[PDB]
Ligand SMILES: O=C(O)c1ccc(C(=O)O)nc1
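Just the one chain here, the form solved without pyridine-2,5-dicarboxylic acid, laid out as structure tokens.
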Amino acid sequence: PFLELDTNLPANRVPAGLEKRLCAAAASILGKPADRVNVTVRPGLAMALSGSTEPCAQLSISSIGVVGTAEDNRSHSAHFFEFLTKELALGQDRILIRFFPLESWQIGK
């Protein structure tokens, strides 16, 4: 799958190596091999969540066909909130997690 973290924390305030810890974190949370787990982090963005530009993070999780059941997604979101709140020092109320399906994806070679 694919994890995209957008945050309005600057880069110098986003921990180093987050991209790989996050990567390992997802694999064990989702029941994916970490060789299938692809992570993009984009910091220093301008964001408003609930009409507030206080520090916040948005995590998009994309997969082929179906990303998960409504029940499996809530349960997985819980573990994602536990992890990012510790990693970023944000309140859980400042973390969003969206899901969308993809049509396909190919790695080269």
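Numbering starts at 1 and follows the sequence shown. We call the rigid core the largest set of C-alpha positions that still match within 1.5 Å between the two forms.
Just so you know, the form solved in complex with pyridine-2,5-dicarboxylic acid exists too; it's not on screen, but the next bit is about it.
- Taking non-hydrogen atoms only, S63 approaches pyridine-2,5-dicarboxylic acid to within 4.5 angstroms in the entry with it bound.
- Using a 4.5 angstroms threshold between heavy atoms, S77 stays clear of pyridine-2,5-dicarboxylic acid in the entry with it bound.
- In the entry with it bound, pyridine-2,5-dicarboxylic acid sits within 4.5 Å of a heavy atom of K32.
- When contacts are judged by a 4.5 Å heavy atom cut-off, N73 does not count as touching pyridine-2,5-dicarboxylic acid in the entry with it bound.
- Of all the residues from 1 to 32, those having a non-hydrogen atom no more than 4.5 Å from pyridine-2,5-dicarboxylic acid in the entry with it bound are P1, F2, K32.
- When the two forms are overlaid on the rigid core, CA displacement between the shown form and the other one of 2 Å or more is confined, within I29, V37, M47, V67, to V67.
- The Cα position of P101 differs by 2 Å or more between the shown form and the other one after fitting on the rigid core.
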